[PDB]
Amino acid sequence: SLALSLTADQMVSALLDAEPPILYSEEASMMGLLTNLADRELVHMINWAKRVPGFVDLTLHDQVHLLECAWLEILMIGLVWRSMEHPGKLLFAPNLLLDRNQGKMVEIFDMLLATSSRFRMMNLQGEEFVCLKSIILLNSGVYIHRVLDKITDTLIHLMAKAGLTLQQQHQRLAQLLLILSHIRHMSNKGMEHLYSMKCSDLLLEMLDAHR
Amino acid sequence: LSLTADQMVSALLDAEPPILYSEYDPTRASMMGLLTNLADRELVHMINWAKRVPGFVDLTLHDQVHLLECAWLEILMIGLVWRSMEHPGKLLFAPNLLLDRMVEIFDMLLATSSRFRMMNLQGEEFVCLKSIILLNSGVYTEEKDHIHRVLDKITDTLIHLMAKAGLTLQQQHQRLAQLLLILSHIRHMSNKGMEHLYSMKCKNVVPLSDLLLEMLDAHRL
Amino acid sequence: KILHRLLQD
Amino acid sequence: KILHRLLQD
Ligand SMILES: CCCCn1nc(-c2ccc(O)cc2O)c2cccc(C(F)(F)F)c21
Ligand SMILES: CCCCn1nc(-c2ccc(O)cc2O)c2cccc(C(F)(F)F)c21
Numbered sequence: 305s306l307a308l309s310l311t312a313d314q315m316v317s318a319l320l321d322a323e324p325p326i327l328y329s330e339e340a341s342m343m344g345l346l347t348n349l350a351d352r353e354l355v356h357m358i359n360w361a362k363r364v365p366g367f368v369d370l371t372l373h374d375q376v377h378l379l380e381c382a383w384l385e386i387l388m389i390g391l392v393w394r395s396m397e398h399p400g401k402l403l404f405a406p407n408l409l410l411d412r413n414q415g416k421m422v423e424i425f426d427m428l429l430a431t432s433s434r435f436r437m438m439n440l441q442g443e444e445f446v447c448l449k450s451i452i453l454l455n456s457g458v459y475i476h477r478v479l480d481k482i483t484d485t486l487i488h489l490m491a492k493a494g495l496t497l498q499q500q501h502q503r504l505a506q507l508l509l510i511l512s513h514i515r516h517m518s519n520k521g522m523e524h525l526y527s528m529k530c537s538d539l540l541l542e543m544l545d546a547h548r
Numbered sequence: 308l309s310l311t312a313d314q315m316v317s318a319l320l321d322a323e324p325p326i327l328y329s330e331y332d333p334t335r340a341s342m343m344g345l346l347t348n349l350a351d352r353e354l355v356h357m358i359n360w361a362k363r364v365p366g367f368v369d370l371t372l373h374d375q376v377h378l379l380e381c382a383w384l385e386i387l388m389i390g391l392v393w394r395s396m397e398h399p400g401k402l403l404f405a406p407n408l409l410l411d412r421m422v423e424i425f426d427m428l429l430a431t432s433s434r435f436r437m438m439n440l441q442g443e444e445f446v447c448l449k450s451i452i453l454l455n456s457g458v459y460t470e471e472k473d474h475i476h477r478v479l480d481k482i483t484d485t486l487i488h489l490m491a492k493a494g495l496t497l498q499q500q501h502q503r504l505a506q507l508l509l510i511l512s513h514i515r516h517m518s519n520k521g522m523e524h525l526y527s528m529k530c531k532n533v534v535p536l537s538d539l540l541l542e543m544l545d546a547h548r549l
Numbered sequence: 688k689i690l691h692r693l694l695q696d
Numbered sequence: 688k689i690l691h692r693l694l695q696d
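Order-wise, the sequence lines are chains A, B, D and C. When the letters of the first sequence are read in order and numbered with PDB author numbering, they come out as residues 305 to 330, 339 to 416, 421 to 459, 475 to 530, 537 to 548. When the letters of the second sequence are read in order and numbered with PDB author numbering, they come out as residues 308 to 335, 340 to 412, 421 to 460, 470 to 549. Under PDB author numbering, think of the first position of the third sequence as 688, with each following residue one higher. Under PDB author numbering, think of the first position of the fourth sequence as 688, with each following residue one higher.
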């Protein structure tokens, strides 16, 4: 492979430069916007995923599975990341910021909110965020081993350089990884919402894969 | 919060619930009846076990209800998978109910159990994870701050265990990650479970107990 | 509320 | 399947 041969700093580099761009936006109105945005971000996600160390080492069939499984999780952690600085609202696009007064979903809107404020209080860093995202891609459909261990080292590496103590390092790790469970939760609930709106072919094929 | 890592361990192990039997008659919807019946009966034990989890008592009744509503199936599932270790290819729902391969859910349970096996998961590690799921499942859905400190304290415990196991720090970090990553998949299995459990009601073939329906209606679907 | 009660007990 | 295509080029 290749991923396992990367140092912590290289791993961070590879990821930081694989980062997809932040896209701009263009019940029936709001969702048409999210699906349109989501659809366009998917293209960028596919090519970003390939730039994730270890992902290329997967067969096409395995690569398709992880993305079908994790994509909405990928989108959501990104959204929450964009929304840190904007307490109380969600920043899908710089020109698309929505409050809970519009989501009427509202419960999901809240969970994403709480998730963003959690990143804020933890002062989640970009390098930490890129690691977490690569983790969601590799782990969610995993049911990768040694590739995931590597990112762990990378995360600890990042925290250590930040000046954190031995104890602090392992509880921030814990805290961080615990949020993926919630993001898995929001994704599944969201996937149910997407399904009821269906009672683009790509987004439809993505939804069907999950059901 | 005052407890030593070992105190927490010992405290969790003595709080452990019993393994209940099914009504499976190795003679003669069927199995599903066995599952929901068994779960309902385990719930009563889960409640009084949850109150024996450090920090859980400190919460208002209202918060405790929500936490159990959120985590009950995640708790049952991790319990199952723990039992179902050393039972390669089979799920031990009960000492009298050992099965081979909703089949997807079954396969994810199988896969999960297999991981703890190959990881050589230990009983002390198991009770920490379970205590985590209870405190973390619905913390997002000055009382939460209090949950994180307990969560931090349970994390200090896990490490402590791994340090005692002779694992190098890099190893504790990695092992700690693997376990927590596995909780994400247990969340996924739960979500899917709730969905099937929801169909069974509208199916009214499966026999849901009043407590199981109240749990299901909290989760909405 | 069953879950609330049994927790009260 | 579209994902099959996008992942190739
Ligand atoms: C109130 C909560 C809405 C859930 N949601 N969020 C996105 C989304 C889009 C772009 C992005 O960068 C990040 C995102 O989380 C989304 C896409 C399609 C469908 C759905 C829905 F049906 F679940 F609401 C979405
Ligand atoms: C292949 C199994 C299907 C999912 N499942 N598993 C349990 C369960 C019961 C007792 C226990 O100690 C642990 C467990 O994981 C269960 C209870 C009620 C309903 C459902 C369902 F509807 F999701 F299938 C359950």
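By construction, the Cβ of each residue, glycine as well, lies at the ideal position given by its N, Cα and C atoms.
For residue i: DSSP bridge partner residues
i	result
residue 405 of chain B	B:408
Chain C contact for residue i (CB, 9 Å cutoff)
i	result
residue 358 of chain A	yes
residue 529 of chain A	no
residue 449 of chain A	no
residue 362 of chain A	yes
Residue-chain proximity (residue i, chain B), Cβ-Cβ < 9 Å
i	result
residue 458 of chain A	yes
residue 443 of chain A	no
residue 492 of chain A	no
residue 520 of chain A	yes
residue 431 of chain A	yes
residue 434 of chain A	yes
residue 509 of chain A	yes
residue 386 of chain A	no
Residue span of the alpha helix (DSSP H) that contains residue i, given as start and end
i	result
residue 381 of chain B	372–394
residue 526 of chain B	497–531
residue 446 of chain A	442–455
residue 537 of chain B	No alpha helix (DSSP H) holds residue 537 of chain B; DSSP gives it neither H nor E.
residue 475 of chain A	Careful: residue 475 of chain A lies outside any alpha helix (DSSP H) and carries neither H nor E.
residue 350 of chain A	340–362
residue 428 of chain B	422–438
residue 322 of chain A	Careful: residue 322 of chain A lies outside any alpha helix (DSSP H) and carries neither H nor E.
residue 690 of chain D	689–695
Counted within 10 angstroms of its Cβ, other Cβ atoms place residue i as buried (16 or more) or exposed
i	result
residue 331 of chain B	buried
residue 474 of chain A	Gap note for chain A: numbering proceeds from 459 to 475 with nothing in between, so residue 474 of chain A has no coordinates.
residue 434 of chain A	buried
residue 479 of chain B	buried
residue 600 of chain B	With chain B running from 308 to 549 in the structure shown, residue 600 of chain B is simply not present.
residue 325 of chain A	exposed
residue 353 of chain B	buried
residue 395 of chain A	buried
residue 467 of chain B	For chain B, the structure lists 460 followed at once by 470, and that leaves residue 467 of chain B out of the model.
residue 373 of chain B	exposed
residue 340 of chain A	exposed
residue 375 of chain A	buried
residue 530 of chain A	exposed
residue 502 of chain A	buried
residue 431 of chain A	buried
residue 504 of chain B	buried
residue 481 of chain A	buried
residue 691 of chain C	exposed
residue 365 of chain A	buried
Below-9 Å beta-carbon distance, residue i vs any chain A residue
i	result
residue 427 of chain B	yes
residue 505 of chain B	yes
residue 401 of chain B	no
residue 515 of chain B	yes
residue 496 of chain B	no
residue 484 of chain B	yes
residue 501 of chain B	yes
residue 424 of chain B	no
residue 389 of chain B	no
residue 512 of chain B	yes
residue 455 of chain B	yes
Cutoff 9 Å: residue i Cβ touching any chain D Cβ
i	result
residue 471 of chain B	no
residue 355 of chain B	yes
Name, going along the chain, the residues of the region 370–382 of chain B whose beta-carbon falls closer than 9 Å to a beta-carbon of chain D. 372, 373, 375, 376, 379, 380
Chain C contacts from the region 306–318 of chain A (Cβ-Cβ distance under 8 Å): Listed by position, the residues of the region 306–318 of chain A near chain C (Cβ gap below 8 Å) amount to none.
Near-chain D residues of the region 533–545 of chain B (beta-carbon distance less than 8 Å), N- to C-terminal order: 538, 539, 542, 543
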